[PDB]
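> I am attaching a structure below and will ask some questions about it afterwards.
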Amino acid sequence: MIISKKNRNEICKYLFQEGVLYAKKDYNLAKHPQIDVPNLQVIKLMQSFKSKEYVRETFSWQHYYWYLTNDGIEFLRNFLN
Amino acid sequence: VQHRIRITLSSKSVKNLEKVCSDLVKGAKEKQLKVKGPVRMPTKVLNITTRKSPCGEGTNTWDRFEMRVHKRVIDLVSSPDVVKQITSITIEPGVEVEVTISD
Amino acid sequence: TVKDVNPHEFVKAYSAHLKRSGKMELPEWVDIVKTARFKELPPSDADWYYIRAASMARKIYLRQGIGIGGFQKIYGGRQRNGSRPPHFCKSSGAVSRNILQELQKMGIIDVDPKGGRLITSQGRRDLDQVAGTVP
Amino acid sequence: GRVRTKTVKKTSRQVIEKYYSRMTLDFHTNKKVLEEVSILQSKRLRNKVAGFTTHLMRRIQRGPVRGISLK
Amino acid sequence: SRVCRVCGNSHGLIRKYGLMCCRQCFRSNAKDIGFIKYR
Amino acid sequence: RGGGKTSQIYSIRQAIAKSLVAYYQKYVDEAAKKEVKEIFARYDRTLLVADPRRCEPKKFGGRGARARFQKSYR
Amino acid sequence: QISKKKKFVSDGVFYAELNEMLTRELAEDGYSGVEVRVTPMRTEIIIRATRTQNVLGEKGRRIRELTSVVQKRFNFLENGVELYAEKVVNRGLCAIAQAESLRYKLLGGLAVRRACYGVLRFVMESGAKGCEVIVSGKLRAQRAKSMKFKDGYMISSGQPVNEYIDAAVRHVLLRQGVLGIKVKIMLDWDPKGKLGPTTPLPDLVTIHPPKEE
RNA sequence: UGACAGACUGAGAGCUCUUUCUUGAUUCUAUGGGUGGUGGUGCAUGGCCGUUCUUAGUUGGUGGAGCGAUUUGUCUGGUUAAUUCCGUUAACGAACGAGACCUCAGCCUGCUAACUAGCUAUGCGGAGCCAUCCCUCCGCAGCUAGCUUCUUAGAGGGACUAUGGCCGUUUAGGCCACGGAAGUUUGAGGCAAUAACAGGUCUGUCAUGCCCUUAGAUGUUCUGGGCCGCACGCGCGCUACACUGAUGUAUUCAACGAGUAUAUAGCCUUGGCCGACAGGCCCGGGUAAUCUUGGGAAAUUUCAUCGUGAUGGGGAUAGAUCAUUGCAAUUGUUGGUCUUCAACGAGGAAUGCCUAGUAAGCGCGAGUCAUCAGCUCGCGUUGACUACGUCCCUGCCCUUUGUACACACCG
Ligand SMILES: [Mg+2]
Ligand SMILES: [Mg+2]
Ligand SMILES: [Mg+2]
Ligand SMILES: [Mg+2]
Ligand SMILES: [Mg+2]
Ligand SMILES: [Mg+2]
Ligand SMILES: [Mg+2]
Ligand SMILES: [Mg+2]
Ligand SMILES: [Mg+2]
Ligand SMILES: [Mg+2]
Ligand SMILES: [Mg+2]
Ligand SMILES: [Mg+2]
Ligand SMILES: [Mg+2]
Ligand SMILES: [Mg+2]
Ligand SMILES: [Mg+2]
Ligand SMILES: [Mg+2]
Ligand SMILES: [Zn+2]
Numbered sequence: 001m002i003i004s005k006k007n008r009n010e011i012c013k014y015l016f017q018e019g020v021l022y023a024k025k026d027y028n029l030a031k032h033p034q035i036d037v038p039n040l041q042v043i044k045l046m047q048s049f050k051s052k053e054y055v056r057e058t059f060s061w062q063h064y065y066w067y068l069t070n071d072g073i074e075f076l077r078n079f080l081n
Numbered sequence: 024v025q026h027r028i029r030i031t032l033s034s035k036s037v038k039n040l041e042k043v044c045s046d047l048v049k050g051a052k053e054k055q056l057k058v059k060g061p062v063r064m065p066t067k068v069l070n071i072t073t074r075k076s077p078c079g080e081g082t083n084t085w086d087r088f089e090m091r092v093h094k095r096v097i098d099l100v101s102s103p104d105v106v107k108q109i110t111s112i113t114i115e116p117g118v119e120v121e122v123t124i125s126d
Numbered sequence: 018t019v020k021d022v023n024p025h026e027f028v029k030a031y032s033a034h035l036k037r038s039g040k041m042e043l044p045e046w047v048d049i050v051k052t053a054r055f056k057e058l059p060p061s062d063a064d065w066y067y068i069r070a071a072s073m074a075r076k077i078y079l080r081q082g083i084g085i086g087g088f089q090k091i092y093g094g095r096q097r098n099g100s101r102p103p104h105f106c107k108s109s110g111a112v113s114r115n116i117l118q119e120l121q122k123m124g125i126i127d128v129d130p131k132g133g134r135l136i137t138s139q140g141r142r143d144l145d146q147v148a149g150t151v152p
Numbered sequence: 002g003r004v005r006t007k008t009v010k011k012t013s014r015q016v017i018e019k020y021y022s023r024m025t026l027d028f029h030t031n032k033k034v035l036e037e038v039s040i041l042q043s044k045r046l047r048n049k050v051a052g053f054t055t056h057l058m059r060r061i062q063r064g065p066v067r068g069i070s071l072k
Numbered sequence: 018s019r020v021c022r023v024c025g026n027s028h029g030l031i032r033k034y035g036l037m038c039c040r041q042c043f044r045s046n047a048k049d050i051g052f053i054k055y056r
Numbered sequence: 076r077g078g079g080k081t082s083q084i085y086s087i088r089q090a091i092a093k094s095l096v097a098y099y100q101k102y103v104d105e106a107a108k109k110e111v112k113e114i115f116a117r118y119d120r121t122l123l124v125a126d127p128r129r130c131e132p133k134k135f136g137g138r139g140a141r142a143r144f145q146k147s148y149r
Numbered sequence: 004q005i006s007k008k009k010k011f012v013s014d015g016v017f018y019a020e021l022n023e024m025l026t027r028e029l030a031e032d033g034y035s036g037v038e039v040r041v042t043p044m045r046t047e048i049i050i051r052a053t054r055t056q057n058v059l060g061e062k063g064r065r066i067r068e069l070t071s072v073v074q075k076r077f078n079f080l081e082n083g084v085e086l087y088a089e090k091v092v093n094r095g096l097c098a099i100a101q102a103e104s105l106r107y108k109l110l111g112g113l114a115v116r117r118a119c120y121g122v123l124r125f126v127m128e129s130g131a132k133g134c135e136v137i138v139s140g141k142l143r144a145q146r147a148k149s150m151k152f153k154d155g156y157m158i159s160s161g162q163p164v165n166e167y168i169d170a171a172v173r174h175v176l177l178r179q180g181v182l183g184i185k186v187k188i189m190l191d192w193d194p195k196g197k198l199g200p201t202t203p204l205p206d207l208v209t210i211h212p213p214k215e216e
């Protein structure tokens with residue numbers, strides 16, 4: 001994966017402000033609603049948060065629901081705040 | 024003073040719609056409105072034919088679904104403050120109400 | 018009057034009517050066309066154009082707001098597509114148009130508010146009396 | 002193909018046992034009688050039952066009869 | 018360039034009324050979307 | 076309004092007959108209407124009473140209300 | 004602006020998308036259904052389940068995440084749709100929760116015949132006119148064979164199937180196959196409407212006794 | 001990590017190179033494990049469906065018989081669409097299936113209403129007329145209705161074989177006759193049992209075990225071809241072999257349904273103009289009983305023209321051209337125009353469906369759809385011959401009977 005600090009931050013802000021995140025499977029939109037991303041980056045960094053179990057993931061028929069955990073709030077709190 | 028308002032109401036269920044419309048109607052008659060309805064409108068019948076097999080063999084057998092949508096309207100000769108004086112009572116399940124201010 | 022008479026002889030009277038009741042203009046392609054895409058031959062009639070006019074005249078007599086497309090639709094018909102199943106095919110519209118401009122330039126009809134073509138009060142007079150002059 | 006089934010026939014026997022002097026022979030009386038002495042969920046079953054109890058009445062009103070017990 | 022809202026399959030859709038499901042996903046979710054089958 | 080062509084003829088017959096009997100029954104007399112009904116029902120009964128027959132829906136597995144696709148074993 | 008046909012279809016699709024997504028989320032809470040209510044200035048999602056504080060999380064947090072994800076996913080005006088999550092008054096009748104309970108009991112390692120009657124006698128005591136269970140797949144042998152378990156009455160044809168049978172289907176992920184679980188449960192007539200449906204079965208008659216005076 | 005100039009490659013893919021800027025710990029490498037697969041196995045499975053099976057059949061609890069598998073209940077007869085009932089009765093009492101239930105259609109001048117539906121009457125307005133008024137057809141609006149027949153859809157009612165007759169253990173019922181809209185359960189469907197089949201589907205699924213593949217990929221994306229290639233066989237259909245017809249005028253009547261912000265009018269498309277046609281340009285209407293469309297459908301109906309002729313039946317085959325959809329029409333998308341005018345003389349052995357608004361004839365809508373409907377699913381229009389039986393053939397259900405069969409006579 002190749003991602004900027006900027007893109008990491010604009011997702012990290014958004015998760016710490018909301019707590020949930022929703023993707024879609026339809027790929028190459030270049031704009032996921034509510035953030036600025038082409039949906040590869042969100043799906044895959046959130047996958048990596050899943051691998052490190054910072055977010056619980058209920059795939060729910062190709063819509064990628066990611067619920068942040070209090071395990072991950074400490075991570076993000078130690079990242080931006 | 025007394026304006027002309029319309030109430031557009033539709034649902035999926037016969038009983039439930041007939042209960043809601045009669046509730047609004049007797050509400051109107053309690054306040055002695057100039058009320059005209061409930062005019063019944065023809066029922067729109069969405070239909071689908073689907074081959075009920077999921078693989079495509081055996082006897083070609085289809086199944087038909089139909090959603091009926093029942094359309095109703097009532098005319099009220101009132102002021103909208105009276106309209107919200109009335110139309111705040113319980114609305115029964117599944118029925119849908121979309122009051123419109125007319126000419 | 019017009020409703021009181023057989024639906025054919027009114028057209029037979031009226032076809033000779035707007036032949037002999039003065040005359041008018043007539044575009045110079047009347048003799049080639051099939052008058053509808055699905056047709057096969059030009060009409061056998063020599064005075065087919067006048068009978069077209071008479072029929073459309075009573076259409077407008079007894080209805081208001083008939084269009085360039087509605088006249089196409091009411092004169093279309095069955096199209097045998099070859100080995101394919103036959104269907105419905107609308108007739109040609111530019112034949113109907115110049116009929117409408119003939120009856121318009123004669124004042125038999127005129128364009129309608131709200132769209133369409135309505136009979137003219139005096140065109141009504143023309144059709145009613147020509148129908149009264151039938152058996 | 003008009004044979005009444007067991008539900009119809011045994012409601013017939015039970016109702017005409019349980020209520021005799023409050024039914025009559027004229028069909029159309031019996032319908033409403035049964036509407037007020039019974040609870041059902043299909044007006045066609047209701048007529049189906051009345052149409053059989055009426056000639057059960059016809060046979061009883063002349064002679065004796067099977068199972069039903071009348072005082 | 019069109020798939021099910023359900024299973025992401027591009028064959029046998031039911032595009033009428035904007036269901037955007039395939040004929041099988043529509044049977045699978047048929048009676049809860051509200052296609053009560055009187056007949 | 077509606078129907079086909081012969082269907083409309085057969086509606087006109089019916090509506091003329093039924094309007095006649097209604098008009099006599101309400102405005103001439105019941106007994107005088109009796110002769111009219113007995114003449115009409117003497118000629119036929121379908122002048123006065125509608126026909127319950129309709130087009131019945133076509134069932135899958137063959138074009139036709141009561142037909143089916145042609146069947147092949149081999 | 005949208006037509007009413009499209010309106011009703013999209014609302015039905017929303018209902019179904021919830022009914023499904025709320026399952027993977029509320030699997031380990033005993034999900035049974037959701038009702039959507041349209042109110043003035045508000046829309047409501049009535050999750051109904053069998054354990055409520057663990058669907059709430061601690062101090063109503065989990066419902067907060069769920070309401071946020073619904074808001075966001077369906078693009079609702081904020082404060083638009085809110086969740087209540089109540090408890091099914093009776094638990095032996097909602098076949099979804101019983102099938103799910105059989106699912107966890109059967110996943111955990113509990114024996115199949117033990118698991119099915121652990122559902123079955125519960126359904127019998129809890130006031131149901133009958134119950135059927137079918138388990139199908141590869142249980143202790145490769146060749147597929149299906150076991151049926153019963154107790155009490157049951158209907159299978161005609162209209163009152165829809166008004167009396169609460170039936171569920173679930174798939175289980177046992178290693179070396181998948182177990183299909185059908186659970187059919189008969190309801191009983193409650194004219195109140197509270198527990199079983201209101202209109203009784205079309206074959207029941209009540210010959211009233213002849214009050215005497 | 002991305003890249004400018006050129007080769008390469010079609011490629012304005014920086015893949016690979018000459019050229020060194022750019023970005024900065026996001027990686028790359030290697031060790032496990034993942035992930036993904038319209039990959040395999042439907043014979044490892046779920047699920048759903050089809051079929052056995054459109055028939056009427058199946059199973060416990062207690063009791064009887066038997067050492068036993070099993071049997072009884074579930075039946076000798078009568079009746080039935082029916083394991084539907086009467087009844088007989090080592091059986092008694094119960095569960096599914098059948099029936100009941102649901103939907104559409106048929107009836108109501110009875111009820112609730114309805115200017116998004118619609119008569120009716122009056123007022124004017126047009127046209128004809130013993131004309132001056134009237135009488136007839138028309139259009140417009142209403143504090144016209146002691147309007148709702150027509151239209152819509154709610155609640156109900158109605159039909160139960162009720163009455164009568166004959167047959168019947170005068171039981172279950174059956175046949176007949178008035179009456180009624182309805183007397184095959186009124187018609188048509190929906191749902192539909194136990195046990196199965198090694199029935200179909202891993203090519204519907206982030207349904208799925210096992211196995212194969214995991215970067216030089218069966219992953220994914222792109223360009224092009226392919227599924228459509230034709231000695232030939234088979235299956236469902238379309239068009240015809242004409243005159244009970246073809247072509248050309250005129251005449252006029254449905255129902256089902258269908259219509260995404262579709263962006264700068266945009267799916268259905270009205271009206272006006274341009275156009276021989278295809279089709280274009282303009283101002284519009286409708287998220288719909290409002291606009292399309294009160295759907296002006298054909299077949300059919302009259303008037304001629306063809307006059308038994310492979311003819312003007314028939315319209316395959318091909319040439320030339322235009323237009324629309326599409327980023328793209330070639331292996332002709334489709335629709336026109338003009339031309340070519342092919343085989344087909346009522347069809348061999350055999351075989352399919354069908355018992356009343358049914359077959360057959362006719363068109364329309366919908367799915368598919370950027371465009372392509374000879375199909376499939378629905379709708380209406382015209383509308384019959386024969387039959388009301390039988391076990392002869394092909395089967396299904398039950399009983400007795402015989403069996404050396406049980407993957408069960410395809411033994
Ligand atoms: Mg198989
Ligand atoms: Mg299977
Ligand atoms: Mg025993
Ligand atoms: Mg013993
Ligand atoms: Mg026993
Ligand atoms: Mg029937
Ligand atoms: Mg192919
Ligand atoms: Mg076929
Ligand atoms: Mg003709
Ligand atoms: Mg020809
Ligand atoms: Mg045969
Ligand atoms: Mg189409
Ligand atoms: Mg022998
Ligand atoms: Mg022997
Ligand atoms: Mg042997
Ligand atoms: Mg042999
Ligand atoms: Zn799908």
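Heads up: the protein sequence lines correspond to chains A, B, C, D, E, F and G, in order.
Its first residue numbered 1, the first sequence is counted upward by one per residue in the UniProt record's numbering.
Its first residue numbered 24, the second sequence is counted upward by one per residue in the UniProt record's numbering.
Its first residue numbered 18, the third sequence is counted upward by one per residue in the UniProt record's numbering.
Its first residue numbered 2, the fourth sequence is counted upward by one per residue in the UniProt record's numbering.
Its first residue numbered 18, the fifth sequence is counted upward by one per residue in the UniProt record's numbering.
Its first residue numbered 76, the sixth sequence is counted upward by one per residue in the UniProt record's numbering.
Its first residue numbered 4, the seventh sequence is counted upward by one per residue in the UniProt record's numbering.
For each residue, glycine too, the CB sits at the ideal point set by N, CA and C.
The beta strand (DSSP E) spanning residue 145 (chain C) covers which residue range?
Counting along the chain, residue 145 (chain C) falls outside any beta strand (DSSP E), though it belongs to the alpha helix (DSSP H) covering 138-149.
> Using only the heavy atoms of ligand 8, determine whether one of them is closer than 7 angstroms to the beta carbon of residue 55 (chain C).
Residue 55 (chain C): no, Cβ never under 7 angstroms from ligand 8.
> Is residue 52 (chain E) near residue 90 (chain B), with beta carbons less than 8 angstroms apart?
Contact: yes.
> So residue 19 (chain G) contacts chain E; which residues on that side make the cut at Cβ distance below 8 angstroms?
Simply 46, 49, 50.
> On the DSSP letters alone, give me the boundaries of the alpha helix (DSSP H) that residue 163 (chain G) sits inside.
Run containing residue 163 (chain G): 163-167, per the alpha helix (DSSP H) assignment.
> Kindly confirm or deny that the region 130-144 of chain C and the region 4-20 of chain D touch, where touching means at least three C-beta pairs closer than 8 angstroms.
Contact between the region 130-144 of chain C and the region 4-20 of chain D is absent, because fewer than three Cβ pairs lie under 8 angstroms.
> Can you pull out the residues from the region 66-79 of chain G whose beta carbon lies closer than 9 angstroms to at least one beta carbon of chain B?
Going along the region 66-79 of chain G in chain order, one finds no residue with a Cβ nearer than 9 angstroms to chain B.
> Would you identify the three-state DSSP class for residue 40 (chain A), choosing helix, strand or coil?
Helix.
> Which residues of chain B have a Cβ atom closer than 7 angstroms to the Cβ of residue 7 (chain G), listed in chain order?
Ordered by position in chain B, the residues that pass the 7 angstroms Cβ test against residue 7 (chain G) are 33, 92.
> Say whether the region 149-169 of chain G touches the region 104-112 of chain G, bearing in mind that this needs 3 or more beta-carbon pairs closer than 8 angstroms, one atom from each stretch.
Result no; under three Cβ-Cβ pairs closer than 8 angstroms.
> Pair every Cβ in the region 74-87 of chain G with every Cβ in the region 114-127 of chain G, then say whether three or more of these pairs are closer than 8 angstroms.
Not touching, per the Cβ criterion.
> With a threshold of 8 angstroms on Cβ separation, who are the neighbours of residue 107 (chain F) within its own chain once the five nearest residues in sequence on each side are excluded?
So the qualifying residues of the chain are 99.
> So, at 7 angstroms on beta carbons, what are the nonlocal neighbours of residue 12 (chain A) in its own chain, with the 5 sequence-adjacent residues on each side left out?
76, 79, 80, listed in sequence order.
> Can you check whether the C-beta of residue 19 (chain A) is within less than 8 angstroms of a C-beta belonging to chain G?
It does: the Cβ of residue 19 (chain A) has a partner Cβ on chain G nearer than 8 angstroms.
> Taking 7 angstroms as the cut-off, is the beta-carbon of residue 9 (chain E) closer than that to any non-hydrogen atom of ligand 17?
For residue 9 (chain E) there is no data in the structure shown, the boundaries of chain E being 18 and 56.
> For residue 50 (chain C), which three-state DSSP category applies?
Coil at residue 50 (chain C), not helix or strand.
> Output yes or no for whether 8 angstroms exceeds the beta carbon distance between residue 96 (chain B) and residue 30 (chain B).
Contact: yes.
> Count the C-beta pairs between the region 19-31 of chain G and the region 48-66 of chain A that are closer than 8 angstroms, then say yes if the count reaches three, no if not.
A contact exists between the region 19-31 of chain G and the region 48-66 of chain A.
> Write down the C-beta distance between residue 93 (chain B) and residue 58 (chain B) rounded to the nearest angstrom, noting that I regard them as a contact closer than 8 angstroms.
20 angstroms between Cβ atoms; not a contact.
> What span of residues does the beta strand (DSSP E) with residue 194 (chain G) cover, start to end?
Per DSSP, residue 194 (chain G) belongs to no beta strand (DSSP E) and is neither H nor E.
> Against residue 30 (chain E), what residues of chain G qualify as contacts under a CB-to-CB distance less than 8 angstroms, listed in chain order?
Under the 8 angstroms cutoff, chain G gives no residues; its nearest Cβ is about 14 angstroms from residue 30 (chain E).
> Can a CB atom of chain A be found closer than 8 angstroms to the CB of residue 28 (chain G)?
Yes, contact with chain A.
> Does residue 41 (chain A) come within less than 8 angstroms of chain E when only Cβ atoms are used?
Not an interface residue.
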